[PDB]
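# Observations on the three-dimensional arrangement
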Amino acid sequence: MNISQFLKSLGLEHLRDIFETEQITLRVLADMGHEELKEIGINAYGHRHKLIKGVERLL
Amino acid sequence: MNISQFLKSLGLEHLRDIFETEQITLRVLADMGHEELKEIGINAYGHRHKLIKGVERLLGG
Amino acid sequence: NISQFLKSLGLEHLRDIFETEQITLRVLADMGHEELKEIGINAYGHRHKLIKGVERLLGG
Amino acid sequence: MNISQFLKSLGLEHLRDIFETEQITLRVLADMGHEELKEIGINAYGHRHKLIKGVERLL
Amino acid sequence: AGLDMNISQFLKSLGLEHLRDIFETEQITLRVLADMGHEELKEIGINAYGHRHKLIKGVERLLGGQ
Amino acid sequence: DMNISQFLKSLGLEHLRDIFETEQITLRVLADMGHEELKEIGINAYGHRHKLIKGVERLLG
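Summary of the structure given here.

The rules behind each value
- Residues numbered from 1 in each chain as written, not as in the entry; some residues may be left out.
- Chains lettered and ligands numbered in written order.
- Heavy atoms only, no water.
- Residues with missing side-chain atoms left out of burial classes, pairs and counts.
- Helix = DSSP H or I, 4+ residues; strand = E, 2+ residues; numbered from the N terminus.
- Rg over C-alpha atoms; globule rule 2.2 N^0.38 Å.
- Contact = heavy atoms within 4.5 Å.
- Axes fitted to C-alpha atoms, helices over the stretch in contact; angles between N-to-C directions.
- Parallel < 35°, antiparallel > 145°, perpendicular 65-115°, else oblique.
- Left-handed = near helix turned anticlockwise from the far one by under 90°.
- Nonpolar A, V, L, I, M, F, W, Y, C, P; charged D, E, K, R; others polar.
- Buried < 20%, exposed > 50% of the residue type's maximum accessible area, 1.4 Å probe, protein only.
- Polar contact = N/O pair within 3.5 Å; in protein donor to acceptor, adjacent residues only side chain to side chain.
- Buried area = accessible area lost by both parts, 1.4 Å probe.
- Salt bridge = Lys/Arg side-chain N within 4 Å of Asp/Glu carboxyl O.
- Core = buried A, V, L, I, M, F, W, Y, C linked by side-chain atoms within 4.5 Å.

### Re the overall build of chain F
Scanning chain F from N- to C-terminus turns up five helices and zero strands. In chain F, the succession of α and β elements from N to C terminus is α-α-α-α-α. Scaling as 2.2 N^0.38, a compact globule of 61 residues should have a C-alpha radius of gyration of about 10 Å, and chain F matches this with 10 Å. Seen through its C-alpha atoms, chain F measures out along the principal axes to roughly 25 × 20 × 20 Å. The contacts in chain F between residues at least 6 apart in sequence include a share of 44% that link residues at least 24 apart.

### Regarding the packing of helix α1 (residues 3-10) of chain B against helix α5 (residues 45-59) of chain B
Packed helices, taken two at a time, are described by their axes: the angle between them and the distance between them. Residue and element names in this part refer to chain B. Relative to each other, α1 and α5 sit at 115 degrees, their axes nearing to 11 Å. Considered as vectors, α1 and α5 are oriented roughly perpendicular to each other. For the pair α1 and α5, the sense of crossing is right-handed. Between α1, through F6, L7 and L10, and α5, the contact on the second element is made entirely by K50, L51, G54, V55, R57 and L58. Tallied by class, the residues present in the contact of α1 with α5 amount to six nonpolar, one polar and two charged.

### Here we look at the side chain of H49(B)
Structurally, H49(B) can be placed in helix α5. On the basis of relative accessibility, which here comes to 7%, the residue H49(B) falls in the buried class. Of the polar contacts made by the side chain of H49(B), one reaches the side chain of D31(A); its length is 3.5 Å. For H49(B), the residues in contact, after removing those within four places along its chain, are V28(A), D31(A) and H34(B).

### As for the interface of chain B and chain D
It is common to report an interface's size as the accessible area lost on association of the parts. Listed per partner, the contact involves seven residues of chain B and nine residues of chain D. Each partner contributes to the roughly 660 Å² buried at the junction of chain B and chain D, and carbon and sulfur atoms together form 36% of this total. Viewed at the interface, chain D and chain B are joined by one salt bridge. Ionic pairing is found between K8(B) and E22(D), a salt bridge with its closest N-O pair at 3.7 Å. Along the contact surface separating chain B from chain D lie four residue pairs in polar contact. Counting residues per element, the ones that place at least two in the side of chain B that touches chain D are α1 and α2 (16-21) of chain B.

### With respect to the nonpolar core
Soluble, globular proteins show a tendency: their nonpolar side chains are buried together. Core analysis: the largest hydrophobic core is formed by 39 residues, its most contacted members being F19(B), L29(B), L51(B), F18(C), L28(C) and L50(C). Secondary-structure elements contributing two or more residues to this core are α1, α3 (26-30) and α5 of chain B together with α1 (2-9), α3 (25-29) and α5 (44-57) of chain C. If we skip the residues at most four places from it in the chain, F19(B) touches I3(B), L7(B), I24(B), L29(B), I42(B) and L51(B). In terms of nonpolar packing, the next biggest core, distinct from the first, is built from 19 residues, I18(A), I24(A), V28(A) and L51(A) among them.

### A short note on the environment of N43(A)
Note that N43(A) resides in the loop between α4 (34-39) and α5 (45-56). Look past the residues within four positions of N43(A) in its chain and what remains in contact with it is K38(A) and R48(A).

### Regarding the arrangement of the chains
No part of chain C reaches chain E; the closest C-alpha pair between them is 23 Å apart. No part of chain A reaches chain F; the closest C-alpha pair between them is 23 Å apart.

### Some remarks on unusual backbone geometry
Look at the link from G59(C) to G60(C): it is a cis peptide, with omega at 0 degrees. Although it is not a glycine, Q23(B) sits at a positive phi angle of roughly 50 degrees. Following the sequence through the fold, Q23(B) ends up in the loop between α2 and α3. Looking at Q23(B), the relative accessible area reads 44%, which means it is partly exposed. Look at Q22(C): it is not a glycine, yet its phi comes out positive at around 50 degrees. Overall, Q22(C) belongs to the exposed group, its relative accessible area being 62%.

### Some remarks on the interface of chain B and chain C
Taken together, the contacts link 10 residues of chain B with 10 residues of chain C. For the pair chain B and chain C, the summed buried area comes to about 820 Å², and 53% of that belongs to carbon and sulfur atoms. Summed over the shared surface of chain B and chain C, the result is two salt bridges. Between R27(B) and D30(C) there is a salt bridge; the shortest N-O distance is 3.7 Å. Our count for the contact surface shared by chain B and chain C stands at seven residue pairs in polar contact. Those elements giving two or more residues to the side of chain B that touches chain C turn out to be α3 and α5 of chain B. Ranked by residue count, the leading element in the side of chain B that touches chain C is α3(B), at three residues. In terms of residue class, the side of chain B that touches chain C is made up of five nonpolar, three polar and two charged.

Below is the structure:
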């Protein structure tokens, strides 16, 4: 629901600072792919994969 | 339409001073991408994304 | 929106050219005299009103 | 009497869009202090000072 | 407190009659409006500071002041 | 790499002629100028700096 709650559900709460600094809401995240997520500092494929598939589960 | 109403609609009124100092009109904003917006001090991806998509919705059908 | 735009310039008769050519306000903003001649706006006066209209509307 | 004419007289015409978007009339501006003006985005003390003192004369 | 007044008449008196639909949809009476500040009014869609200011000061004058 | 007066006219920035004359900005000086350097000589609008930078880029290439 909130981006903090979304990350917690994927076990990715430790990524919270990137999302806060870049002002990424769960709605902004919905329009983001691998290239956009690499741009904001999500360097691990596994993390981007979890985020992309996580938004797909909802959206 | 004007920038002040445009920013308010996206909930980005706090960016009003950057737009005023840089004399950014909707015409200028329409040709701006992520690199151009970073140049004027819009450092958050989320803010640039909202601006870019906002102009797309505004000037599209 | 583009229909509202044309109406404001008294150019409502150009609605069909704009619809057929899929010209939105974003497309119109990047168009000059040569591009407008290409879609069939043959009168200078009409192209001038469109170009200056987008300039006034967008800031700008 | 027109907020646009008032702003012009103080050399603060650049502030017109904030006043229009926030629907601030001279009557509204008359009950506004430094805290209320900061709230609508008048971030410079000098600008708030000119506005407050400007309305004080218009009485 | 005597604020049993018609919200339609209240808005008209402030020159804010155009807000009639927000107040009707949200079922805002004068008694509800009396406990509302800038944050609560922003929440129901009253986005202009000037409009919220007029409403808050309008209820104050109807209540005596502050 | 001609007279600066012709360059500004081509971009519709002829009103900037006095800044360029007073600051003794030639096209070769302008070619090494970015957004920070142009802000320093009084070009406060992003749109004007953008037009100047991109204008010299086209001239060079």
